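# A look at the structure
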Amino acid sequence: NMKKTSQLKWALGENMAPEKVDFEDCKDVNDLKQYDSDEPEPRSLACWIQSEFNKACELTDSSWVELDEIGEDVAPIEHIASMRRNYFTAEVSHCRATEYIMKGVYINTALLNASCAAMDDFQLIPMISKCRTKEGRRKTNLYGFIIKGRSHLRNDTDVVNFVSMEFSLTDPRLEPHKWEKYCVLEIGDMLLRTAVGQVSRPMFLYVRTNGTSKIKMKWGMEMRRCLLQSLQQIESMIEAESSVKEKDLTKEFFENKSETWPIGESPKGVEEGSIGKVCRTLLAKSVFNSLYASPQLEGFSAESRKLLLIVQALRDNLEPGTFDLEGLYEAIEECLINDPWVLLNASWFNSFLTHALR
Amino acid sequence: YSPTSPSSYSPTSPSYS
Amino acid sequence: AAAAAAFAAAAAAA
Amino acid sequence: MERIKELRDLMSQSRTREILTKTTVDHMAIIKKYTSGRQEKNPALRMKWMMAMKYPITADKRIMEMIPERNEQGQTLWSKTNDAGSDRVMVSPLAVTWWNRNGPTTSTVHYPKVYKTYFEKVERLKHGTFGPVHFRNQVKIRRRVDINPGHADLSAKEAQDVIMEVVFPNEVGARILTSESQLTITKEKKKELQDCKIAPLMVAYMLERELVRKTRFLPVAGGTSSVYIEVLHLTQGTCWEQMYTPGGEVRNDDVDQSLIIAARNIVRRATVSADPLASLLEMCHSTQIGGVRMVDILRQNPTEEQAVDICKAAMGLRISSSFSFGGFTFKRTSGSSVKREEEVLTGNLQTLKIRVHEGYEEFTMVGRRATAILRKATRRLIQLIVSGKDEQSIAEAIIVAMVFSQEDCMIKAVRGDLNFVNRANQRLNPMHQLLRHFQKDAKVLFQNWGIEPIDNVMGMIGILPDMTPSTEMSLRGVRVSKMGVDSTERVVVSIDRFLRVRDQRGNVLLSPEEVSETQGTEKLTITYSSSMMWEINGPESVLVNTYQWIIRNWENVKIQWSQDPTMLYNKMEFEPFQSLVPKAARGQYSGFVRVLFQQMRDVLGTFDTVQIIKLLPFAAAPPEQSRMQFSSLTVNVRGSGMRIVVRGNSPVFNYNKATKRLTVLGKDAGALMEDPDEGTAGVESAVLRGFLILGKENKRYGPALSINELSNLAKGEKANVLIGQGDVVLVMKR
Amino acid sequence: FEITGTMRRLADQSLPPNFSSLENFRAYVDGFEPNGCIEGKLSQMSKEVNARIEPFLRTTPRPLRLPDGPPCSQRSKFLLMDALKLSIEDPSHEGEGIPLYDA
Amino acid sequence: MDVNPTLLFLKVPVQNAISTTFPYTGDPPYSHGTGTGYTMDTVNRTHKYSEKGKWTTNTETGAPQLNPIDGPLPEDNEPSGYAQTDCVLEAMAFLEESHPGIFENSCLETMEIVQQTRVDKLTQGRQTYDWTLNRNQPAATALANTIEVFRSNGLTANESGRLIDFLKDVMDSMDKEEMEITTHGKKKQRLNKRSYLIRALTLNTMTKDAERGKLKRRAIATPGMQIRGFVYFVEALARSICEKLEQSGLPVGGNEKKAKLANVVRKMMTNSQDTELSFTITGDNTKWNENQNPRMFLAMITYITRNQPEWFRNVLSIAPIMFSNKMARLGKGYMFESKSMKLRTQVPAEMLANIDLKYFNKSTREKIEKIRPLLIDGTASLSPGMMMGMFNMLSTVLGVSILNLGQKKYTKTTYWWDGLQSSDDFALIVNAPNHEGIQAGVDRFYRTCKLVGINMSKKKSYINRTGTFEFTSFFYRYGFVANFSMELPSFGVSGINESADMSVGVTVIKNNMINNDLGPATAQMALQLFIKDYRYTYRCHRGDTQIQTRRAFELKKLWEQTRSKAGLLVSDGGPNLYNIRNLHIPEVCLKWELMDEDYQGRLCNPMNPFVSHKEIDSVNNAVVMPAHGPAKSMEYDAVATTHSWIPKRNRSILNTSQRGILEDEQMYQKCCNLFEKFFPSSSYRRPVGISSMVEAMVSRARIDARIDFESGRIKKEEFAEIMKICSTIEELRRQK
RNA sequence: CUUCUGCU
RNA sequence: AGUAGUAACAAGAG
Ligand SMILES: *O[C@H]1[C@@H](OC)[C@H](n2cnc3c(=O)[nH]c(N)nc32)O[C@@H]1COP(=O)(O)OP(=O)(O)OP(=O)(O)OC[C@H]1O[C@@H]([n+]2cn(C)c3c(=O)[nH]c(N)nc32)[C@H](O)[C@@H]1O
């Protein structure tokens, strides 16, 4: 538990809620007004989100998902499923997005347990994640600390505030709008090694006062579902071709890399990645949906799905016709307000429209 | 099998020497 | 001379 | 005894006394669920949140005397606090773990007997056999399948009667067991449930599970029996099939039904072959039903069926020449008939397409409680002599005979709410629906059938609509015999090359034409072990696999079609598809497609890969020249005529140009490789027999024309024709 | 099962505007027979209420208009790409598993 | 190298990859605060969409009412509720002609239902507005409270146990001059006839929490106990009718629904002429509930019940009559704050009719100003439209009638149409010789819908060539596509109990493999992830693990004591033995052959205190709410084990005025649980009888005591004591 | 103050 | 402050 000092009592928003009294007791107050209900402040897109997504689809050595062993395989189908699963696990365990999944799940699990247990006390929660290096040695990494506040969470939408401190090697002034809510302090001269010999890049601690809800914590600790949404889709893409060729196409798609899908764009034009890159990209998309989930994402997803279906019908020479196209565009555009993930998704949709009609 | 893709001191997982 | 009826899928009348 | 003491104590309290006195037993069902706790609208979060608190579980107050308040580590196992709204105390999961660790143990020999439904699964999985896994283009159709087979000789009521009698013998009520099966099951369960302390509610629930039949709509591809549906997830996949043979014994009815479905599919496929007898022998020797070769099953299972008997004759076994209808075994003693679909209107205004049989025929019906001699003509009962043991049996036999007659007077007798399509909108068998409806209520049918005078004959007594026998009047062509009617016997027969079974005197007993055309589903999975592993599959699978084979072998099929199309057409890979094309239109479609391919070859260029892939299966049958022009080709699929459009894409057969992929009935069939020789260059040349599609209309050569009207053109002239989905195009007659 | 009293007044009030009694409306419905009311009303209805089908061509859909306000900022509960992890190559100390010890 | 997952659609067809477009891995958008704003907005929108109707004032409730029926025809594509009665009646008549005897047979069945339906059936469902407390209560509690109130007021006809008698009692109560209710200090309150009527026709309103695919939140409504009685019969009739309609895909569910839709669409595509161009229209109807007027349902009920007995017509038509006079309760109210004084406060919705407008913002001020005329005793009159209408089946029937009207024999033109309709969603297939014919057919269908008030949402609808469409989130691409993202929320720990969770998790994996196209490798990984989540949620990690948890000691001791570790249940730290082979086998039976006899006996001990059994209707059954649709009952196979415990109940009512209700519940349980000790079949089958419980229990005790004595199960002294106690109980009941 | 509660 | 977004939370009832 952390001592309830003035700095923590301010950063954790203690006593900030106005005292609740019956209307007959304050009906005459001059400034008494209904709660503010204005629209969210609009914001434009930035390259940092796209850069972060690119990073999330990268390959690493630290494996983040060690799965408990299932019962022994007996049926030949079980042996084939195990052989495939191997490729899926090897491809998805080294993905950075899996690192985000493991760290996010641990943080939300720790926050929920501490919230239900120490309702009235500030708690220090280390952000510890476990991985396995290339040589197989098990390594334990610390990303920083979280100070959890008062957690009298009655409703499923109540908010618990917490101060998060994250070690980093990044100049906040270099890109300031990305860190508008953070207070970054230089805390050390880390002797990172590189190859020349050693670099003394300074450590930047991003101290920010964040907040999470009970429902948000519950959905956060279930972020492992992302591993299913991507892999199931990938399997559906594998099993379809296997049905067509009547042969197991796992080795052909992963090792031989005979088949490739359009997964990105560059100055030269659309870039095509193998099944591994597709799986990593779909996983990263699902992970970011979980991390940046919001009502705007739900609205834009539904409306853009309608537009995607219309464009698909057009591509299939189905002579699609609309009754009010501007109405649909307005519905899609009303959902692009503040969330960086939704703005990035809209930019991706614009790129897809550009590439799908030419 | 090695998950592989054609695409120092990583700010995420660096060395300390 | 009780005998069976092979396959059958019917119920009783009223 | 303490229950009376508790009741006295409750009576002592004023509020409890008032509640007990005012609330009737009838009112109990309402106050029993009178709670304040509202059903959780998000149980996952509430469970994840409550596991963190100290005491999330609720345990009976008795626990306080059965578990120490704290373990050896000092952790509190329970609390004196009382759960809100009950006497149950609030306890931690440590209490559950402690009980499982060093709580009071008891004998558990009763659990496998009470949970027989769950343990039988493990018992049959332990003895199950796994075959090779075959990757295929699985086509899973949604239909009702058995989840819990229950007891075949007990209905819902019978099951409950036994349940109640076994679990609550005192609370049974006025109900009484009235069947040998009910008595045997009750005796066995009572013997098995001796000194069972398990909660009676769980015993009743488990018995209900084991006895009451339960069905659910599932997407199945293999057998629909419960032994197969439970392992459906493991056996049938989206792109693979796992050969599995569940342990234990299999229901004889399931084997009989599966054998019937397999034999019908085999005969339907072998009928379109060049050597039907050789094809049938090979298929029968390669097919397996639930892991048992069909060759050795036909020698032990009679399953009298117009297809089973044929297969047996081919195998050399003696046949029965009998078919089961409405629980009666019919044996055709004399006469012959030919099937034909006819459209009729019932008494409830519904319209049906029934398979009417033409020709005079004479049958012997043998039933568990009746025996009759019947003589019928085309939609008319000539005579019927029943020898039922009981009046109820007489009524049942007469109703079956009237329905089998198909007389118009009976179709018009249909009244009330009768549906010929289930909730899933699938088309039911009209004869079975009529039989079920008339067995439920036969008063209207008897009233409207008709009455005729009786010729006084010794031993023959008439029967009237009110079921009372009469000597002067009787139902039209109906007599009752009190002396009995004679008897089952298997007669050796000879089968020719074309599956036409004949007796020792040469009279033709069975032919492939009388085999039922319904494409059903097998209770027990049927496995085929030939190169064409989908030879005896259902319609959708046959179509998808046929086009998939065409696409996979396209690099060779194109060469063969361009060089030696006559031999390619006779490829065996198209025979199963021909089984789905209507018999009447088979030759017309073959001749039409063969001419279309020849004209496409004559006209240089104009090669169309999609058109060849689409129309190739229709060229297999022998040609039959005609002047007819077909806008679409019909293929039978589970009683529905699917139309394949000659020009353009249709839901049945579609080619996506964007992805260059073929889909048949919504199932992907493969991608078409980019062919430099294609060069469509606008002109089609493969839509009309003897006519070339020039392209877009120009409003100069003519306003519009019909497909048949286009026959007026002599030669060389160009005109606009309305062909396809409202797409008028310019055409030239050679 | 008779409708009377307050129920009857409520029923009499919950009817189309040209009706004033439940029994009158029930009698009208019992004797009702179609006589082309739909065709007449469709003819009478204005011609501007229509579901005109505007074709969707390759040049019809434009790109989505994104907001023009200030640049968006990080809102994740934790750093994603800028995070630095301090780690122990192999946990071999006493108390391994407890987060405070490892931290 | 900017990666972009959307570009994947350049190769894979959108439908085949539709799962990718579902963000269901994130938390659903919940609603914060009160639903008063959404309810007032819904009322204002409902009255605005019918603003050209006739305004009247009810002679009973005294509240203004709006009658948009037979109003002006729509002069613009703006949503309009002016449905025409003649057009609705004509559509119903054509529906009857196309399916002769549908109404007669449906009425015959519905009638029988009415005769055989008991009062207990109202206990099914949840969150009913208990007019005796002005709060939402469980259906059973609201029903009991209403019954007790009626008995105290002289309405004693509901004792027959038939639902029709309770409806009759409701009618008599409506005619009652004054009503007496009890409150708790167990005070008594008197309600005048007008006030009773208003609180009897009142509908409570809340916000639809956890709804996906929508940005703006919405408000849902729950009716009272009086309305539910007639609504059940109306829905039963509509269901009986819909079962006979090919285009109505509402009554069916699950694979049965998909099968029906696939068959229907297939046949529709088939019978279509080869020379006729075909198109498919996909889209919802805008403001469906706000425009479905209850008077139209009354007209349809009257037409359907033609020639039926007058009592049947009255009982069926009572529901639309009450719904036409329905009043919506505004809700929790509003919340105000003072920043300068730094204090919060809440204004109940009942005060909005008299509160000053300076406290609200411009939007809420306008909403209050627009709803003030309709505000009566804290409830707003809501005669027009159907706020969260329970007439889903009736509305589906109306839509199907409009769909059926598109046959070539009714259009009398080259074009024709058919399709599918469920609630407010539909998929229309139009066949015409040419594009001009298709356009004419679409316009005619749209105009006919407007005629009936139904109005296609041009904003969220599109038309393409026949073959691909979307219906109720089911994407048809020459065949329904197996979407898996919709079932993702169903994965993970269900949260029922330590034993039901495992069986439900494996059952969910198995069902998804069977239905939603879950690959075997994905199924394996899913199973692994589920076991890991299960272990981390119930703190049931493996005994040999070094993980530290408050439950680690007991599990460690159990693991050391057991000889056969593989036999331990996963809930007891045992290893996981599941795989694709045995996802259908309950874990108790799966490990039975490996369990140690001592542990096996302890775990399955029937005298254990954790296991509790309610009515059989709630045995091995759980309520699961998927991503879309209402709650569904899932049946799972599980053995009665000490792990099948019950979680703690909410105690927030323990420090409120209504705490007495919970106490009463306890008393009732204390009596019902005792009855089970006298009549063992009380749970398996509903007991029947008019005698008081005490009389039945004492009689049964006397009979059992005699039978036990004669058989010798009890001694002479025990029998003498039993009867002595029985006589004392009889005397206690008489003494009072 | 202390008591009571995190869906009521 | 912060969460968050048409209205809440930033404890509540005694
Ligand atoms: O469940 C199916 C079938 O299994 C595939 C099952 N079944 C038949 N026989 C057995 C059996 O011996 N043992 C078991 N366990 N199951 C058996 O019965 C059901 C039949 O379903 P379905 O395929 O729909 O019936 P189908 O075969 O198509 O025709 P059905 O209506 O039952 O008629 C049976 C034979 O009677 C012939 N038939 C009818 N009529 C009116 C006449 C007639 O007037 N004259 C003549 N000569 N024949 C008639 C039918 O054509 C059919 O051959």
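What comes next is a walk through the structure. (Residues numbered from 1 in each chain as written, not as in the entry; some residues may be left out. Chains lettered and ligands numbered in written order. Part of a larger assembly, values for the part shown. Heavy atoms only, no water.)

## A short note on the protein's contact with RNA strand G
- Contacts to RNA strand G come from 17 residues, most closely from A:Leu153, A:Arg154, D:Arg38, F:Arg651 and F:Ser652.
- In RNA strand G, atoms within 4 Å of the protein come 54% from sugar and phosphate.
- Contact between RNA strand G and A:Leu153: a sugar or linking oxygen at 2.3 Å from a main-chain N or O atom of the residue.
- Here A:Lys214 contributes a side-chain N or O atom positioned 3.2 Å from a phosphate oxygen of RNA strand G.
- A class-by-class count of the residues in the surface near RNA strand G yields three nonpolar, six polar and eight charged. (Near = heavy atom within 4 Å. Polar contact = N/O pair within 3.5 Å; in protein donor to acceptor, adjacent residues only side chain to side chain. Nonpolar A, V, L, I, M, F, W, Y, C, P; charged D, E, K, R; others polar.)

## Details of the site of the ligand
- Close to the ligand lie 23 residues; C:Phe7, D:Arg264, D:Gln306, D:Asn429 and D:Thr518 are nearest.
- Bordering the ligand are residues originating from chains C and D.
- Take D:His357: an N or O atom from its side chain is 3.3 Å from a nitrogen atom of the ligand.
- Calculation on the ligand without its partners gives an accessible area of 950 Å², and the protein chains cover 87% of this total.
- Taken together, the elements giving at least two residues each to the shell around the ligand come down to α13 (252-271), β10 (322-325), β13 (351-358) and β14 (361-366) of chain D. (Areas by Shrake-Rupley, 256 points an atom, 1.4 Å probe, with all protein chains shown as cover. Helix = DSSP H or I, 4+ residues; strand = E, 2+ residues; numbered from the N terminus.)

## Notes on the sheet that holds strand β29 (residues 661-664) of chain D
All names here are of chain D.
- Read across the sheet, three strands follow the order β28-β29-β30 without closing on themselves; strand pairing throughout is antiparallel. Every other strand in the sheet has two partners, leaving β28 (653-656) and β30 (667-671) as the edge strands with one partner each. Averaged over all neighbouring strand pairs, the angle between strand axes comes to 25 degrees, with direction disregarded.
- Sheet topology places β29 next to β30; four bridges connect them, and they run antiparallel. Across the sheet, residue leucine 662 finds its bridge partner in β30, namely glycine 670.
- Strands β28, β29 and β30 of the sheet are contacted by helix α21 (residues 539-552), whose axis makes an angle of about 5 degrees with β30. (Pairing = 2+ DSSP bridges. Axes fitted to C-alpha atoms, helices over the stretch in contact; angles between N-to-C directions. Contact = heavy atoms within 4.5 Å.)

## Here we look at the interface of chain F and chain D
- Opposite the 165 residues of chain F that make contact, chain D presents 146 residues.
- For the chain F and chain D pair, buried surface summed over both sides reaches about 14,600 Å², with 60% attributable to carbon and sulfur atoms.
- Of all residues in chain F, the largest losses of buried area upon contact with chain D belong to F:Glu554, F:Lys648 and F:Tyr684, amounting jointly to 5% of the total for that side.
- Applying the counting criterion to the chain F and chain D interface returns 17 salt bridges.
- Between F:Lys677 and D:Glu6 there is a salt bridge; the shortest N-O distance is 2.8 Å.
- The interface formed by chain F and chain D holds 60 residue pairs in polar contact in total. (Buried area = accessible area lost by both parts, 1.4 Å probe. Salt bridge = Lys/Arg side-chain N within 4 Å of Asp/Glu carboxyl O.)

## Focus: the arrangement of the chains
- With eight pairs of chains in contact overall, the greatest share of contacts is found between chains D and F.
- A gap remains between chain B and chain C, which never touch, and the nearest two C-alpha atoms on either side lie 57 Å apart.

## Comments concerning the protein's contact with RNA strand H
- Lining the immediate environment of RNA strand H, one finds 37 residues, of which A:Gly13, A:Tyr35, A:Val159, F:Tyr334 and F:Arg344 sit closest.
- Sugar and phosphate atoms constitute 61% of the interface atoms of RNA strand H, taking the interface as everything within 4 Å of the protein.
- Between RNA strand H and the protein, one listed contact pairs a base oxygen with a backbone N or O atom of A:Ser37 at 3.4 Å.
- Separating a sugar or linking oxygen of RNA strand H from a side-chain N or O atom of F:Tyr38 is a distance of 3.5 Å.
- Among the secondary structure elements, those contributing two or more residues to the surface near RNA strand H are β5 (159-166) and β7 (202-213) of chain A together with α1 (36-48) and β12 (334-338) of chain F.

## Here's the deal with the environment of F:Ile18
- With respect to the secondary-structure elements, F:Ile18 resides in the loop between β1 (2-3) and α1.
- Residue F:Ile18 is classed as buried on the basis of its relative accessible area of 1%.
- Setting aside chain neighbours within four positions, we find F:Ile18 in contact with A:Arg305, A:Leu309, F:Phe475 and F:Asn483. (Buried < 20%, exposed > 50% of the residue type's maximum accessible area, 1.4 Å probe, protein only.)

## A word on the sheet that holds strand β33 (residues 727-733) of chain D
Residues and elements named next belong to chain D.
- With respect to topology, three strands assemble into an open sheet ordered β31-β33-β32, the strand pairing being antiparallel. The open sheet has two edge strands with one neighbour each: β31 (691-696) and β32 (718-723). With strand direction ignored, the average angle separating the axes of adjacent strands in the sheet is 40 degrees.
- Looking at chain direction, β32 and β33 are connected through six bridges and run antiparallel. Pairing of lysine 718 across the sheet is with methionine 732, part of β33.

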